[PDB]
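Once you've had a glance at the structure underneath, I'll fire off some questions.
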Amino acid sequence: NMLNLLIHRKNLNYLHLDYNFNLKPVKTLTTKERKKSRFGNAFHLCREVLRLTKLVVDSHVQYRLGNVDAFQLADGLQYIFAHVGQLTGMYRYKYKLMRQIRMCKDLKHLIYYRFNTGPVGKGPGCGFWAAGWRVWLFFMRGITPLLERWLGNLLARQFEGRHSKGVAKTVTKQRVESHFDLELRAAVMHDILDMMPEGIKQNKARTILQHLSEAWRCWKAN
Amino acid sequence: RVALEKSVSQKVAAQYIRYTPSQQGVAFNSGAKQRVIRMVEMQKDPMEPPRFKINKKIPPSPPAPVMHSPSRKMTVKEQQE
Amino acid sequence: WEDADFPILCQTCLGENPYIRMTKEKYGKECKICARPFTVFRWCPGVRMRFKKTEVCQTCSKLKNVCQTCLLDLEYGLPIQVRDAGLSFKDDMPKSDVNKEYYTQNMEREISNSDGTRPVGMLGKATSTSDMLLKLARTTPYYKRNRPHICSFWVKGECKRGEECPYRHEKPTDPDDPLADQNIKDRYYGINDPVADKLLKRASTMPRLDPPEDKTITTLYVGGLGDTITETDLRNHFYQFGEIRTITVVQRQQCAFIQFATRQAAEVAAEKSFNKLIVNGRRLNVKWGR
Amino acid sequence: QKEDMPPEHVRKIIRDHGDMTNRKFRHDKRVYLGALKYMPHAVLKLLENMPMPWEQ
RNA sequence: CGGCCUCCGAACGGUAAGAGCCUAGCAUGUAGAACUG
RNA sequence: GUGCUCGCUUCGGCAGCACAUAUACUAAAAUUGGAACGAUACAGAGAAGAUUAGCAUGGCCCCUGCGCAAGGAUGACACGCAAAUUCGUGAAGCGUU
Ligand SMILES: O=P(O)(O)O[C@H]1[C@@H](OP(=O)(O)O)[C@@H](OP(=O)(O)O)[C@@H](OP(=O)(O)O)[C@@H](OP(=O)(O)O)[C@H]1OP(=O)(O)O
Ligand SMILES: [Mg+2]
Ligand SMILES: [Mg+2]
Ligand SMILES: [Mg+2]
């Protein structure tokens, strides 16, 4: 219900969140729609976390409806935990996860090797899920603060608005030359055109800066 | 030190009163020039998002008097140099 | 934002009991005019009376000096238009959005330079209290300010909640009465206020002493003196108001004539005495003699 | 102290709200939304209390 | 009697920008309502 | 309402004392009003000859994004620009003749 309220509060009626937590477009989107309807890694991470908990809850709902078994419930939970990689799709929004994915694969190999030793064969029924379960509980120990902060940000942008007054953006790698000139010509203005004035009316600063620009082109061309 | 300590912790993060209406007008009240009231603080819901849209975007101190000097004007000699 | 102590509003809007129940909610809402977020107080004015709430920016309320919940003035309880026009006030209340934000901000800075006793700005320097406004004030409390709304349910018959209905189970005023359309902005700015306009047609029906024709008729006829009126006492009454040119107290009429040497004295005196002259408790009537 | 309620209280509340499309609720709408920020905590608390295959 | 075994995917970056009109949505649940010899 | 009075005092009431103390945006409502990037329909792309990569400044302009990153046609818009000023107008004072 929370993810739907968010979608429809954003008015994206052309999108649909189904009950296994996949977000799907319902038609083809024009450009303005494709743009307004992109969601970020906060929304998609909350989705896939909720998708994993649903898979676990419904393994138990089947056992409680009578459909499977205690042994098949255990084996299925152990499947979920060793294969969170291809059941959910969390890694696309946090590729750091593949470290937990590789951990749970390694534990699978260790446990199967020790399990299927003698009479028991290479079939499915091994459920020892304490290991992978541990691993994802530590994953969440960590991600819970991240997502609380990210989702607070997204909701506070939704309910107050987007603040552009005092952004204070950095100078990064693409703004380095433009910034150098912004500052060179701010400094030139300060320095001469109001500490050596008596251009009293206007110190034709916009023309002294044209001389500065032409001096640089002449240097460059020799 | 302690004032800035307050403000740093701030920006990181029923009791009674006596009221004299000043329009008291003994016929206005039941007849008491002083009212006693307990103010209490209403609880906020933890599960609720920022209320009103402060993204909005917009009268300073009196202008300082220019204890300046008088300017003395521009010769034509300098106005050409 | 503002974070304050308590609301200033008419004692009528306060209510009947000497002990009040008021709950504070910090930054609870934005002013209906100022839109500045201000701490709101909620009060239960009486049993089965609708709960009142602080309804305007603290700065917006210190500016115009009205009931910060009832919208009526704090002195007599008169709507902005009527109170101001009777005080001879033509105020430049901001209506622009940007100039309104800037205005309420600067006015909060001025109220910050103010000391919480007198209404800030020009709103005070017109303090010649007008008897028309005084008589236009409701001298007893109008606690009808807290009577509940109508319940559409019982208005169609449907309110099966019993007496637990949060609205008065009374026949709804068919909207056409212009007393129904007083938006907060209208009642605040005092523009297109039709309740106050009916008050103005009233004030035009309220009797004053109409002036006679002849600019030599400076004879003010006093009626209703009794036998306990003294000539010198009525002289002391009309004395500082100008020159009393002659006194003629008709005891066989229980009347009198005060002849004035100044037409201005006679006019201003009669107008100040109209239906308000109280000597020895007598309801004295000023008129212009023939 | 704070005393606990019967389970049908919450079971009924949630069943009623169903999926918040009925217009009756429509203020829950924004509080419901505001509770999103704490949803990764509810998931963590749910999954660490999983029921352990020797129990039904 | 030594052993030695990577990599696995998502977003932006291309299919415009608009002015207008039309019509559900979406916000409020308000304040206050007549006066005489 | 529970209970206790070696209570009136039967098993009824009544009495007395003990304990128990104030919820609530009171509303199932009723109005009230903007928007939906939806059609429609027009409309219809920076720099010099042509085709075109961008990174900025500015400000009551915003959108997607966790974002102090990035993107949105270089996001869009900025498009009169005034001004003093080369010489005179006149106005008014302060001194000289
Ligand atoms: O289905 P996958 O994800 O490919 O995993 C399988 C599988 O494990 P699951 O049972 O969890 O599905 C196998 O184990 P068995 O079930 O067959 O016992 C098997 O491993 P073994 O052959 O060692 O049993 C196999 O390995 P291979 O790649 O050799 O087919 C592989 O496990 P991996 O994760 O190593 O691929
Ligand atoms: Mg591009
Ligand atoms: Mg850009
Ligand atoms: Mg730009």
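The numbers used for chain C are those of Swiss-Prot, and the residues that appear cover 15-304, in sequence.
Placement of Cβ uses the backbone N, Cα and C atoms for every residue, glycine included.
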Where Swiss-Prot marks SUMO2 cross-link, which residue is it, choosing among C:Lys46, C:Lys66, C:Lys149, C:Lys170?
C:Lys149
Do you know which of C:103-130, C:159-186 Swiss-Prot annotates as zinc finger?
C:159-186
Write down the residue from C:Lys40, C:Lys158, C:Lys229, C:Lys290 that Swiss-Prot flags as SUMO2 cross-link.
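Among C:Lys40, C:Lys158, C:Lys229, C:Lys290, the residue Swiss-Prot annotates as SUMO2 cross-link is C:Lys290.
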Select, from C:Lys76, C:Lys212, the one residue given the annotation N6-acetyllysine by Swiss-Prot.
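Swiss-Prot annotates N6-acetyllysine at C:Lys212; the rest carry no such entry.
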For the set C:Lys139, C:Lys199, say which residue Swiss-Prot annotates with SUMO2 cross-link.
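Matching C:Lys139, C:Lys199 against Swiss-Prot annotations yields C:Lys139.
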Have a look at C:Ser102, C:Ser142 and find the one that Swiss-Prot tags as phosphoserine.
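Among C:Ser102, C:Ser142, the residue Swiss-Prot annotates as phosphoserine is C:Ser102.
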C:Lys139, C:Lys290: which of these recorded sites has the highest Cβ count within 10 Å of its own Cβ?
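The residue with the most neighbouring Cβ atoms within 10 Å is C:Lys290.
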Sequence order is fine: just name those recorded positions in C:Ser102, C:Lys139, C:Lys149, C:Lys290 with a Cα within 10 angstroms of C:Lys212 (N6-acetyllysine).
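Among C:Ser102, C:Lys139, C:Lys149, C:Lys290, not one has a Cα sitting within 10 Å of that of C:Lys212 (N6-acetyllysine).
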Taking just the CA atoms, what is the gap between C:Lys290 (SUMO2 cross-link) and C:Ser102 (phosphoserine) in Å?
21
Starting from the Cβ of C:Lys149 (SUMO2 cross-link), draw a 10 Å sphere and report how many other Cβ atoms land inside it.
13
Among the modified residues listed here (C:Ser102, C:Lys212), identify the one with the smallest other-Cβ count within 10 Å.
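Taking C:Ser102, C:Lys212 as the modified residues, the minimal 10 Å Cβ count falls on C:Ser102.
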Does DSSP give C:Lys290 (SUMO2 cross-link) helix, strand or coil?
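C:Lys290 (SUMO2 cross-link) sits in coil per DSSP, no helix or strand.
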